[PDB]
Each structure stands twice: as C-alpha cells, then as structure tokens.
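Some notes on the structure that comes next.
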Amino acid sequence: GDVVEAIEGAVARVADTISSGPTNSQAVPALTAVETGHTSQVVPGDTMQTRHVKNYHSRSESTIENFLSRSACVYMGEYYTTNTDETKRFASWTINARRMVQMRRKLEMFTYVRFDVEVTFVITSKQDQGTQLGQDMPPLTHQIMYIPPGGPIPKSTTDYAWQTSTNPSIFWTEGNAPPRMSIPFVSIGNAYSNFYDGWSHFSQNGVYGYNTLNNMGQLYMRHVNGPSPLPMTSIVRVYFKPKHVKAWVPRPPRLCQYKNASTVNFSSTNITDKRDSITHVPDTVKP
Amino acid sequence: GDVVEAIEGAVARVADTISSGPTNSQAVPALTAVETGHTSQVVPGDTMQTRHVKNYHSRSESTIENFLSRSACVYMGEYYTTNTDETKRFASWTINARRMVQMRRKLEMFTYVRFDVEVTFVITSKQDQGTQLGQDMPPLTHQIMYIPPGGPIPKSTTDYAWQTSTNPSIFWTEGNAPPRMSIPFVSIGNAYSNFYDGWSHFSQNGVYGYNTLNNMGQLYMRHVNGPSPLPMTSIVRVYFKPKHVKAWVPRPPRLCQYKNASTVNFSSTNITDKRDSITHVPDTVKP
Amino acid sequence: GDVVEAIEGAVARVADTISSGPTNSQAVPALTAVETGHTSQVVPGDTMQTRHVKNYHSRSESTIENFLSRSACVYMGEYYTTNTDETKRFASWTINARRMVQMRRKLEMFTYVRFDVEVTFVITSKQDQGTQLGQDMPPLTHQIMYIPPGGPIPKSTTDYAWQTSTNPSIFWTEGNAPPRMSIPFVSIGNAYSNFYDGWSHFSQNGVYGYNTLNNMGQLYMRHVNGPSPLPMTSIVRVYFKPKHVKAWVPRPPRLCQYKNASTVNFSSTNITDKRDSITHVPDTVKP
Amino acid sequence: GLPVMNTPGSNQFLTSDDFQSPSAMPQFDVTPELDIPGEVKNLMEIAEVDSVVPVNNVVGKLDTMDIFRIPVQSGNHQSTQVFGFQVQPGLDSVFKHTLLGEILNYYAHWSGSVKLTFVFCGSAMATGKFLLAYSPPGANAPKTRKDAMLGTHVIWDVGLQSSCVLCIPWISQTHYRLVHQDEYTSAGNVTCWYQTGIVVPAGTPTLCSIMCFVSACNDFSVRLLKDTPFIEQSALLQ
Amino acid sequence: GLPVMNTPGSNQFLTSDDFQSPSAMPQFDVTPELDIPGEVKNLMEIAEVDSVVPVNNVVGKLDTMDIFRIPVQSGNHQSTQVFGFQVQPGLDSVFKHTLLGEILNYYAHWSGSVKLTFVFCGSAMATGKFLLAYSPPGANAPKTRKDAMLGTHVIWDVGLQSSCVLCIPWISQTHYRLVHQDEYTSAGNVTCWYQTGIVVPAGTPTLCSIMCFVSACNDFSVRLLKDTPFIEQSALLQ
Amino acid sequence: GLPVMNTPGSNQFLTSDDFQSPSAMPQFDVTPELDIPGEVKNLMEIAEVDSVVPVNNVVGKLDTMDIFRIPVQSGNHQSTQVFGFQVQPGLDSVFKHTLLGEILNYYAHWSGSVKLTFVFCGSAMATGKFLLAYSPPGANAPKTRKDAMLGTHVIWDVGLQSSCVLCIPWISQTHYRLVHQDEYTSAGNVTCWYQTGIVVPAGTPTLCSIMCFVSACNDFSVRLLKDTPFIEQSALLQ
Amino acid sequence: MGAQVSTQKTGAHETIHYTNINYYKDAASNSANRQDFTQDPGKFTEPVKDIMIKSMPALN
Amino acid sequence: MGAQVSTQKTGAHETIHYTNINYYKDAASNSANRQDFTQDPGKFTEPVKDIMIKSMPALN
Amino acid sequence: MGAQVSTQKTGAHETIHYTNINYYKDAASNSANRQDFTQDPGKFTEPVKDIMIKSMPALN
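Protein chains in written order, with the deposited numbering: chain A, 1 to 287; chain A', 1 to 287; chain A'', 1 to 287; chain C, 1 to 238; chain C', 1 to 238; chain C'', 1 to 238; chain D, 1 to 15, 25 to 69; chain D', 1 to 15, 25 to 69; chain D'', 1 to 15, 25 to 69. A prime marks a further copy of an entry chain.
Here it is in structure tokens:
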C-alpha cells in the first residue's frame, strides 16, 4: 500500500429474476394500498410464472455522479476587442447555473446539491465584418478574473482591479487547449440550494427565492493585447462539470418552460399531450 | 480501515478561566512594554480575583476555512439573445475577485492565499420590454467556456472557438440546478497574491500591482439556442467558494472604499467616526 | 501514520554522462534508420570520448503539472453598473479556453487533457468619464453565477435566475482578495478534447469540431448594489489554473495564428524565418 | 527533457472526460458535511417511485385533474374497453412526463419490468372486477376482452385492498429498448376490461374513477445518457 | 434504476453548503507548497494582536494622528476625566475600526475578555498615577473618580514599564453579546482618572499623551458569520 | 479568537501559487479514468523526438517543402560547404519552430546534448561521404573543411544505413544556456562538407537531398517557465 | 509513488485495471468518483414505519 | 467502499457521526475541511526572541 | 490531524520538509501534485516492436 494500493470492484448489478411456479394461496402481492404512501415491492414472479433470469445489467450510468458529471454550458458572453464604449470591451457574469436551461433543469431535479466544479472555458474570436478586413494581429490572450463577493469590480480594460493580486485569474492565449480549473464546494451552508422557499428579510419581504442564498461572485473577461486595428469579438462559453456530487431531496422534473433566472415563474403547462381517445392504440400490424 | 476509517474529533475549545485569589507580590503581569512589539499575555486572573469558569466556547467559525468557504458573487454579466451588434450576444470576463467589493475585502485580509475554488453560476433570463411579448421559446441553454490564457477568443456566437475541444465548457439549460464545478489551485507561483508591490518590467515601470501576476484566463458565455424572435437578456452571476484554504501574512482590513479593480487607489478616509468629546458616554439609565 | 505520514522524495535527475574511451569496432551507434519511425538513443559517449559527468539537473519544471498549473487569463468581460440598455449591466461568457491565445496554445499541445481547475476572478471597476465625477458610492459587490447547461439564463440584473438556489454563485465585494474556487473534472467523457475531428450530426454535417463536445455552461456576472448615480464599468478577468493534470497524445505546437474560437481556421504560415544562405553563420569574433 | 509524443485527442475538450485539474482556490476549507434526510445516490431510486399516469389525456382535459381519472360506471358496459395505451414509457404521451418517463428521457436505452398500480376510488359500497391485460407486441391491440385475456393479465377484485399491481415483465428480443421507441423495440400494449361489472347500491354514485401509478421494478436500468427533448429555450436569461 | 425520492432543498443553491463537485481540470498538477512565514489558521490569532484605539475621535481630528493620543497634563486636574468610552468592541466608533473591531464586524456574536493596554509617552522624567476603571452595565458612566473606583480598576503607576493592562473580564448575563450591541447585551464603560497627578521637572514638556491598544484575550470567540457594514459599492468595476 | 498576524503577500493573487480552494461542486462524481494510449508526463518526452529541421530556410522557400532538403550533388564541390547554422536551438530560425525549439521557447534556460540525425535521400546507387562538424564557440564558423575537421566531427559514410547521428555534446561554461541566446551563452556552429564526393552511375539523378532531424538527448533539461514569443493576438475571440 | 490500482468498467459476461496517481494537493482537483454504486431506494419507496410484508394484505 | 466516519459538530455541554465517501478522482473536488482547529497565535503575538515571562517586569 | 510530511524542492549538491493538511472534503480542492516525476519517453521515441539495439546496424 506504499507504492500501490489496490481497490475492490464496486460492481453493482440489478436484481435477478427468480423462478416462480404456479400458485394458489392466501398470499396476495398484487393487492396493496397506495394510500400508505408506499410503493409496492412486487417483482414479476408474483403475478405470473417466470423463468430464472440471471441479470448482468448495471445502474452505473444513473448514479448521481454519472448523471451530473458532464460539462454543460452555463454562460455565453461576448466582448469586443475595440469599441468606443468601454463596458463592451470586457464581459461580466454573475455566477449561477440558471441561464442555460438544460443544466438548470438537470440540477433542479434535487433540492440540495454539494459538489466541486470543473470550469472549462471555450473562448472563440471572430473578425467583425467591415470594409477593410486585412490586418496581422498576434494571438489574442484573454484574462478571466474570478472576483469573489466584495472585491473591486473593474470599470475598464485597463483598471487596477485586473492586477489580480489575490483574486484567482486565468491567462490563456488563443490556439491552445481550453482553460480548465477546479473549484471546491464554496457554499457558506452545508449544501447548495436550488430552491429557497423564503425571503432575504426577516420582515418576509425583499427578495424571494434563489438569489438570497446565491452569492458566489462574478467572472470578468478581457483581452490583454489591447485594441485591435479592426473590430473583433470574443465569445467566452463557460462549462461546469460537477464532481464528487451529493444530492438530497429529489424533486419532480420541471414540466413548464423556464422564464427567467431570478425566479421559478412559469406559464401554465398541460400535464401531457393529447391522444384520440382513452383506448386509443394505433394498429401497427396492417398491410 | 478498508471499508470504514474513523476520524478523531478535532474539537478545540477556548481557554478556561483559572481561579485567582488575592495577591501581594513582586509579580506584575499588568505591567509590560508595548515597545517590544509583544502583545501582553495577561488573563483576567492577574488583574482581579476570578472564579473558576470552565469554558465550552469554540473558535470553529473563525477558522480560515470557515471564514472564507462561503460562496460570494465575483461577477455579474449581461448578454443578449438577439441584437444587431454581435459582441452583445455573448459575455466575456477576465477572471479576478476584485470587482465585487465584499469578497475582495475578505480576501485582501491576507497577503497570500492558496485554495481550490467551487464555481457556481446563477444564470437568469428575462424578456425585454417591447410592443409584442407573446412568443413560445424553448428553454434557454447556455455555454460557459473557460479560456485559459493564450487560447482563441470568440468573435461571435457562432465562432469556431466555441467548439471547446480542449477548453473546459459547461452546457446548462434553464430550469435546472445552478451549474457548479471545482477548480484546483492553478497559480504558477506557490500561492495567489492579493498584493504585488512591484512592476511587470524589470525597468521598474509598465504595470504596477496585482495585474502582472494575475492571469487565470477568461470566461465566455453565450446562448446555444440562437436568436429569439423577441429580445431576451441573460444575466450570469459567478460565485466563488474557496476551499482547502491556506493564508499567510494577515493585513489590516481595508478601511477606504475601493475605487477600481486594477489598483489599490483610494480617497483619503477618516480613521473612524466622531463623537461629542473624549469622555462622552451617553446615559442609558434615565426615566 | 495517524497524526503524520511521511512521503519519500520522488527526486528525478537526468541521466549522467558515462565515460567513453577510444573505440575501433563493428558497433555503430551513430548509424541508424529514421525510416523506422524510431529516434536514435545515442548518447554523446558513442560519437566521441567523454569524461564522467555526474549530472544533478532535473526535469521537474517540464512535468505536465508544472507546465500547465499556471493561472492564465481565459476571459475578459466588461459590464456596466448603470445603462439604459439592460443587457449591458451584466456579462455572459460561454466557458471555453479558446479566446485568449496563450493558454489555448498551451492546452492544444495535447489531444486529450483531464484536470481540475482553480478559477480565480480579478474584478476591477473604474468610473467612466463624464462632466460630473463627484459621488460617494459604497463598495461594489459582484455576483458571479455559474449556470450549467440547461439552467435558466438571466434577462436583467433583477431576474429571478439570480436567486441561485442551486447554481453555484460567488458574491465578492471590492477591496478583498480575488475570488477563487475549485472545479472538479466535469466532462461527460473520460477526458476533455482540445480537438474533435468530427461532426455533431450523424449525417456528417452540422457543427464541425470542438463545439459539439464543449458544453460546460456559462458564467454570468452582475453588480448587486444596483445602478450607480454615475456610470461605472467593472471588468472581470477569469483565470484558470489546471491541477491534477493528465495529458494524452501530444501534438505539434500551433504554428499559425489563431483566427477565431469556433474553429482551427488559419492563414497559411511560413515554416520559419529566412536567412541569407544555407551556410550563413555570421561572424561574432571580429574587431 | 523526457522524450514524449502527443497523441490524437490532445488539446481537445471532450465534455465527458475525467481528468485532474488545478484548483483555483488552494487549501480552501470546505464547509462540514450535514446529514440531510433523503440523499439520492442513483436516479433509479427515483424512478422506482409511483407517479400518477395521465391515461385520460384526451382533448379539453390536459390542463385539469380529470386527465388522471379513468372513468368506470355501473351497467352493462363489458362491450367497452376501460382504457388502453402503448407501453412506451418514455415516448408515449401517457408516460413521457411521469417520474419514470422523465428519468427515461435523459437516456437512450431502458430495460426491465414496469409496475402499473391501479387504485379504485369509488364508494366502499361499490364493487367490481376488472381484467388488466398487457399484450406483448406482434399483434394489434385487442379489440375484445376475449383477445386481451390471452396476454399477461390480472383479474383485479376490488375490496378493502384498494389497489392492484399489473407488472409488465421484460419480454424483449433485445436486452435494451430505445427510449425513443420505434417498431423494432416495441413493447406491447396495456388494456383494461370489465371482468364482472360494477355493482352499487342505492344512494351511491354510480360512476367512479380509477387511478394509474407507474413505477420501475428492481431489475430496471437505463443506458446512454442524452439530453431531454423537453426543456428548450430561444435565448439566454431563462 | 434504484428507487429514490427527492427531498426539499433539491436543486437549490445554498451559498453555505458543502458538497463535492466535478473538477473542470482533471489531474491538474498543483504547484508544490512553500513554507511561507506567517500562516493564519484562525482569525482569533489576528484579533489577539494589539491595535491603537482612536479614543480622541472628536471633530477636526478624524484624519490626523492626534486621534490616537489621549492628552494628559500637569496640574490640579483630578476633577476631570482623562477619557471614557463604551465597551462596544464592534459598534463603538472607538473600536469598530481596530483590528479586533474589524474582525468582530464579520460576525454577529462575541464572547470573552478584552485587554486594553495603555502606554505613557511623556518624558522619562514625568511621573504620574492613573486609575483605569471598567464599570459593568446597569448604572450610568461614573462622573467622579469616587464612583469609578467602585468598579473593576487598576491603579497604573508610570515607571520604566511604560504600559499597563486593564483586562475587561467577561461579566455578562449571556454567553455571547451582539456585535451590533443594544441595551440588552450592553457591556459597560471604561473611564480614566488622575489618581496622583502628573509631576514633571523644569525644562520638560508639561503636557504628554497616552495611547490605547485593544486586543482580545485567549478566551475570546465569535459566532454567526455575516457581512461587514463597512465596505459598500454602487456599481461593479470597483 | 486565536491571535494571528497577517504577513505581506496577503490577499495577493500570485499566478504561480499553490493553495487549497473550496470546490464549487461538492461531492461531484467525476467520470472514471480511461487508459488512453500515449500519456505525456514530461515535455522532455516530447522534445526527445526527432523533427525535420528547416535548414534550407532561404528566401522563396519558406512556404514550400524545399525548405527541408539540403541539396547535394555529384562533381568536384568539396570547395563548397553543404550547410551551416548556429546551435541556438530556441533562437535560430532553423530551430525555433522544431519540436525541440517549440518546447524550448516556453522556458528560459536549457541544458544538455542535442542530436542531429542526417538522412540521405538519393538513389541506392549513389554513394558519398560527408564530414559533419560541430565547432564550439570562441572562433568564427569554419571556412574550409580543414578548419571544420578540428572540431567535433563525424565522417558519415552513406550505405544501407541511411542516417547518421551527430551528437552536439554539452560543452558549456555554465550549467544552463539562455533559450534567448546572446554572445555569453553561445553554443557554437554546425557545418557540413563533402568528405569524399558523391559518385553516381549513369541513368541516375546526380543531385540528391539530405534531411536534418533535431532532438534532445537524455541529459537535456529546461528551466524558468515563460511565455512563448510566438503566439500573439490583437483582440479576443481568437 | 502513491498509486491506486482499481478495476476498469468491463462487461459482466464476455471473456483488467487502471492506474491513478493524484498530482495536486487539493481533493477538489481529483477526478470524478465514477464508480460508487451503493443504493437505498427505501428512503423513497416504502418510507413508512410498520414495514409492509408484500404478501400480507397490507391493511386490516 | 472507502468511507470516512468523523464526528459531527455538536454542543459541548448538552446531552454522533457522519459518513463521507469521495466520489471524484481529484482532491480539488472534495468538500471543505470545515473541522481543522489547530492554532498558533504566537507568530503574531509575542513574535520576539527572548521570550517574556508575563510576571517579570519585561524590561531592565 | 492527518498531516502529510514530504520533502521540499532543494538543490542536489549544495549543503528539509513541509507539512500539508487537507481541509476540504473534495479532492478537486487540493493543491497541485507539483512533485510527480515519473517518465516514459519510449511511447514516442522507439515506439516499435522489434526493439533496436543502438549498436547493431538497425537494418539488414
């Protein structure tokens, strides 16, 4: 265990099919009571005769780790390299996984989650359209600064805040692998809250919901080369991959379409899609 | 220790109160010399008679981990889903914890810090105001790309840089839990520097301060659905939670108001607030 | 090993120089065949007489960890604190390390990489120029929300998506250390891909390249104080530091200049720089 | 300088990969763990829980609670089918939005048996027997109770136990079926018929309802993570 | 598919939580650790260090170094109080900006004794005795030295040891006081009086100063992390 | 409240530091590891691999494959040098863009021997001998073969083994040289001369080529990470 | 080195290990725990006192 | 499994453990070390050679 | 505490340890593995079956 430490294979199959013959008894597994809030633990061997089937299937891809540990876009932000307006040459983002809908819906399948993140950036520049497009610009380097809540916010691309003496920053020049770094679980509580039924103020007013507990800081992005002779746009895409995941209190998957990121507001949604009648099963065997 | 490994409770109480009777001696604990740069280690039992008090208080919430491991907003960035200007449809951010003031002030209480981060994003869309607001848009998915320094910066929302073959990216659709991923300690030095008394150039000029050592890259955020029929805005908030924290060389807390993120520039600030006189203690026992 | 566990020094020197005298034999180490795709393992002792040199040099700074574990800017993004347009008051970024050129080129030296990230933000505010600049604004707090793919995208700075009930967020106030959090390896595959030779659609069309596999989400950044009486700009720089790095299939370093972040498009580049002739070695010993 | 050669896949960002990264926050002290009730370790623990099936997903009822109740009544109605649907637990509009169906639409492949529990919600004085018949694929859905009773059926007798379980076993030619099911990976149909009427006394409501709960058995499993076709957006900030 | 049930608090982002996440940078080789001098492991190690108290925080002096010096002089001045303040180590404008006060304003609750060291900065030839009196709450601040000497006092004699320590003990009805202190969690007051004059020879300055240093004792502790009311901003990039 | 004192370097962001951080994704289950072929653990494993040197980097050829071939021919040409360059493996336009040169331009210091393999690419019927001469610094580049043969040389005889290795040993006054090399850390030059002609039969091409491969030996090492002067950009999104 | 040697995800019926070394100092920087397969569906199914036998009528 | 069993933050005077398993491969991805309570106020207080006794006058 | 005691990067010829404690619960949050110096240049150099002797002609 000094140089090498083995690890036993945690392999977990699904349950087998046990063989069941004919029955005539006072045992009634198909008869239960949903009124108890209890899901019936009936297997197929109770309601019909079954052969023995040795099952080798596994539930490894429905584990919470394997279900959530996928990189997913959380933000897409544009910023220019030259522009008369200065707040256009850099990008801000208040960190939250609520603006891209897929990862938000995946995370909101649980009430509480606790995990580390792997943040990857996909930065991509393009030359804006114009009368002249000929130029020779060296590779674009980008700075992504993580400003935790309370630190100084930059006002330009030449601000002192970009000195990043303590804030963590990534410098990355175009043409290389995407930048990627890890983030521990950085909540002030014992888990992140996808939902906060409550208020910010004890007077039961102010802000309602996710935003009161949600303050992880912001991300600022700029070019370091300075302005180009001709306008160029960099789009930075942010990808979160949670790892070492733990989840509590699963919720029914969001049925309605998300409206904004501040709230859970929704338009009223049908339960499902209509069919022709209650007995409608369309014929599939026909000439 | 193969299946389960116990861990002994590191519980740390504060010091007790030892009982002290009356004294008349040549020992003088209340008499010291601040000229030595030494803080007196006097307890209350030296300057008065004390009962024995068994103390059960703990300093667990002033530990550096417990003081810093809170998610804090570092960036808040807007980006549109449709706009004639292209650099508005995505957001950039140069990563640094210096633009939101609270987390910046918390981190700058130490000269050097080394930690992993947990980056959570809180993305929130809203429908812009206009003459027509009726539409049926599917859930908004967001890409947050982490571009380390040197990688290609995007120029549009359709740039090749968003291919994120190597840059880490998170795709997240609205309605789900916030995106969250971990980031290791990714400095090129042995710790992050909140303060850099020095220059970028050996000629003792160029950039002064935090920005020379601060290059962690940038974050880019975009929508993946493409443009909506009607304008919508996504705000991405970035939350950093440091974990596995180590801190060196504590500093006096920032007294003045932060001015920008590039520097430590400040307006001159009073030491404290005024009162009526040097002996002024207002009466609280009165009819 | 309960309180303290020692760790043996992994020190790795380069190979020594073995002493070689004169030779006359049928051994021919200087004669080989590059046609085999095999690099000659010749040392200097084969082609000339060598003393014994005990070498103490190490390759510790060319290790993949030590080569990549540097914070590098990946995004730089501006966002305003007050503006008539709302999508300007926050910043978005689609996470990818492809928009700043240096870190992108560093990462694209390998085909596959797997690492955790340390995301640091460097947020820096500045006061915009105008007729009146006198005001007294309290410290600027920033929210950086990480929205994994699918979560709700914000539309304003007051959106419900900023509730960050589940998305990880960092709140950081200006004046403090930069915000920094860790992110685990959050890919859905077994490693990140800097390059994806392939398509999104099985019909061999759609999107080509890095963007199909790249969805880590987005970062959103905003100010929490609300609008200032006078305009101010925060720039957030994002810095990625990969740690616990593993790399596979090294590639020839990018020779051409990066053009955008979506693609690997390039202008045709000379192999190297010209000199005067094939025998040209300029004299350095002359009066 | 150790000699080394870069392989294809270098500097690519594969969204599924699993590598170590550097932490942006070194030595960050993470909050202690709290024993919260209800920790999920596998989505199959979720899909194993009942959820009311909207079997009455006919027009004018998709936004009402009447979408959940299968109507039964007293009288000679045996010539009529109570209900019937296809066992497409992730494609059928009767199942795609149940808990099991939602979990299914995140994967491409499913396998295993599926429980349908049926609950009678009439008076304690009303009595009735039903035939619940699952028919494997390869023939059309039965048109009569005589045809339905040739498949796998349960004859449910209503009593003090108010619910019956019809377990749809895994009878497939393949180990997995597609969640986006086509005619190759078809799974059959479920129908219900009156076995022995509904008999009710006087002063009792003659028309009652039945509820359907779907859940996955213990041999159920999924494969090939994908994105749901359910949530979609047109722009960010949403 | 293991059966599983989601509990309240799922898909919420609690800013204080502590869960494992996936690393965006797998197998990232982190820089080696360096033994830097002065590692902080607890903020109480910081608050245990002296800091000059601005006791002379009267108008016209808030931006000068004269805010730190308590003025003493020679003559019959015993009818006058040298200084006095409330022991509100995180609310009082005399303490809110000291090291201890700054650390305090990040928490809601504080507990323990607080040292006030006093330093004489006159000539070596000047001599004087002072009474430093901490009075617990429940009465008004003393108006005379006769009233102040009924509380916890030290009679400081100035000599070659230039500083005295007045330890304010924890005499509270509760285990903790509020940092934002109100009349319930009041802590008393500290006053100073001339015990025996200030006597100085000729050719020596007759008016000298005293400095105050505040620090937390070893039984001091804090509770209930909060945000400071000190740093505020109007916009980003700051 | 443990007493504690903050040292310089607090709240600075040093881009090279190595500290623990909090994970933004607690308990995130990371994808399992896959044994991918070709794992790199040191960039010196990369720089130890041959790469074709562009020795013919003369005008009009920088964008063609003719930049790689050193032209040799038959006839009395011994009065002419085949080629010559400076051993500046990270500064010389002949080496800065090779694999070794690229890896070098990420560091400031290099050390060790460098292999130059030469490959003959004429007919199997063509024969020739060459002198490959590395000359240490301190004199000018040789002008004759008589001068070149006083340095470290190999007399390469072309046969069924088509390639020769000229190892440039570490002969330096310092342990390291600068990658951005100046006259102090100069490393010498490499030249080639015809030793014994090129003799070819009839019906055979009389002019052939030679290729140069550069790699780092096993004692090679680098120091002082820096940024390449190669990739540069004018703006983001690139 | 401090290598871990675990088992790769193979098949269960058809006719091997992988090595891991942690390079970074923080645990937030490791790779995902892709192979942790413990289960407990009883929190959500059968979340009742008075356990139900599945053969007994379940009422009366 | 490789479970750790530590003690929960309880009270100190009033009249229990929690389990942790690390799922991810990188240590940057673990949860915060919320319970590390070692201390050393002597770096900042009493940072002097010639230790001071607190009973002796401290000068002369 | 669970301290690790490793060796600092010193010189190799001129005439010491550092302590580490992991505070956070996730391994993604540790510090970089700055000191892992194993090597294998043979994947890229000499990636051939029929190993070459370096003394033998290497052909024929």
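We put the CB at the ideal spot given by N, CA and C, even for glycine.
> Got a sec: is the Cβ-Cβ distance from residue 17 of chain D'' to anything in chain A'' below 7 Å?
Replying inline: Between 15 and 25, chain D'' has no modelled residues, and residue 17 of chain D'' is one of the positions in that gap.
> So, is the C-beta of D''/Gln44 closer than 7 Å to a C-beta in chain C'?
Replying inline: yes
>> So if I threshold CB-CB distances at 9 Å, which residues from the segment 24-37 of chain C'' count as touching chain C'?
In response: Only those residues of the segment 24-37 of chain C'' whose C-beta falls short of 9 Å from the nearest C-beta of chain C' are listed: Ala24, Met25, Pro26, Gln27, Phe28, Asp29, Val30, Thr31 and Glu33.
> Of all the CB atoms in chain C, is at least one closer than 7 Å to the CB of C'/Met5?
Replying inline: yes
> In chain A', what lies closer than 7 Å to D''/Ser40 by C-beta?
Replying inline: Within chain A', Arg114 and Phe185 have C-beta atoms less than 7 Å from the C-beta of D''/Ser40, given in sequence order.
>> Once the 5 residues before and after A'/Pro229 are set aside, which same chain residues still bring their CB inside 7 Å of it?
In response: Sequence-distant Cβ neighbours of A'/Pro229 in its own chain, meaning closer than 7 Å and more than five residues away, are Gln135.
> Who are the near neighbours of C'/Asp219 in its chain, counting only those whose CB is closer than 8 Å to its CB and skipping five residues on each side?
Replying inline: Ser111, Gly112, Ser113 and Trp170
> Under a CB-based cut-off of 7 Å, is D'/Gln48 close to chain C''?
Replying inline: yes
>> When you compare the CB positions of A''/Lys241 and A''/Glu118, do they come within less than 7 Å of one another, or not?
In response: yes
> A/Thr141 and A/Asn211 look like a contact to me (Cβ under 8 Å); what is the Cβ gap, rounded to whole Å?
Replying inline: Their Cβ separation, rounded to whole angstroms, is 34 Å, which puts A/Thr141 and A/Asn211 out of contact at 8 Å.
>> Between A''/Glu108, A''/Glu86 and A''/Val42, which has its C-alpha nearest A'/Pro231's C-alpha?
In response: Comparing Cα positions, the closest option is A''/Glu86.
> So, helix, strand or coil for C/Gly197, using DSSP?
Replying inline: strand
> Going along the chain, which residues of its own chain have a beta-carbon closer than 7 Å to the beta-carbon of C'/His77, five neighbours each way excluded?
Replying inline: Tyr194
>> Which residue marks the beginning of the alpha helix (DSSP H) containing A''/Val101, and which one marks its end?
In response: Where A''/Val101 is concerned, the enclosing alpha helix (DSSP H) stretches over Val101 to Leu107.
> Looking only at DSSP bridge pairs, what is C''/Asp157 linked to?
Replying inline: C''/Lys129
>> Could you tell me which whole beta strand (DSSP E) segments of length 3 or greater appear in the segment 144-193 of chain C?
In response: 152-157 and 163-168
>> By alpha-carbon positions, which one of A'/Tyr258, A'/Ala247 and A'/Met221 ends up nearest to A/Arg99?
In response: If you compare the alpha carbons of A'/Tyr258, A'/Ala247 and A'/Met221 with that of A/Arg99, the shortest gap goes to A'/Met221.
>> If contacts are defined as beta-carbon pairs under 8 Å, then residue 266 of chain C' and A''/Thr81 qualify, I think. What distance do you get, rounded to the angstrom?
In response: What is shown of chain C' runs 1 to 238, which leaves residue 266 of chain C' out entirely.
> Mind checking A/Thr173: buried by the 16 CB within 10 Å criterion, or exposed?
Replying inline: By the neighbour-count rule (16 or more Cβ atoms within 10 Å), A/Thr173 is buried.
> Any C-beta of chain C' sitting closer than 7 Å to the C-beta of C/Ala141?
Replying inline: no
> In chain order, what residues of the same chain lie with their CB nearer than 6 Å to the CB of C'/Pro137, ignoring the 5 residues before and after it?
Replying inline: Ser186 and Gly188
> Which class does A/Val11 belong to by DSSP, given the choice of helix, strand or coil?
Replying inline: Coil.
> Helix or strand or just coil, what does DSSP make of A'/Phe266?
Replying inline: Assigned with DSSP and collapsed to three states, A'/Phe266 falls in coil, not helix or strand.
> Beta-carbon of C'/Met44 versus every beta-carbon of chain C'': anything under 7 Å?
Replying inline: For C'/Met44, the answer is yes, since a Cβ of chain C'' falls inside 7 Å of its Cβ.
> Taking the continuous beta strand (DSSP E) assigned at A/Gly77, which residues delimit it?
Replying inline: First-last of the beta strand (DSSP E) with A/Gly77: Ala72 to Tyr80.
>> Helix, strand or coil, according to DSSP, for C''/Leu225 in the structure here?
In response: strand
> Curious, which full-length alpha helix (DSSP H) runs of at least 4 residues does the segment 142-169 of chain A contain?
Replying inline: none
>> Let me check one thing: in DSSP terms, what residues is A''/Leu219 bridge-paired to?
In response: A''/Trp93 and A''/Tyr146
> If we cut at 7 Å on Cβ distances, does D''/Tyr27 have a partner in chain A?
Replying inline: no
>> I'd like to check one pair, C''/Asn140 with C''/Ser93: are the Cβ atoms closer than 7 Å?
In response: no
> Just reading off the alpha helix (DSSP H) that C/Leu99 is part of, what are its end residues?
Replying inline: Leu99 to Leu104
>> Pairs of beta-carbons, one from the segment 115-133 of chain A' and one from the segment 54-62 of chain A, closer than 8 Å: are there three or more?
In response: no
> Which residue's Cα is closest to the Cα of A'/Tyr192: C/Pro26, C/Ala108, C/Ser79 and C/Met211?
Replying inline: C/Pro26
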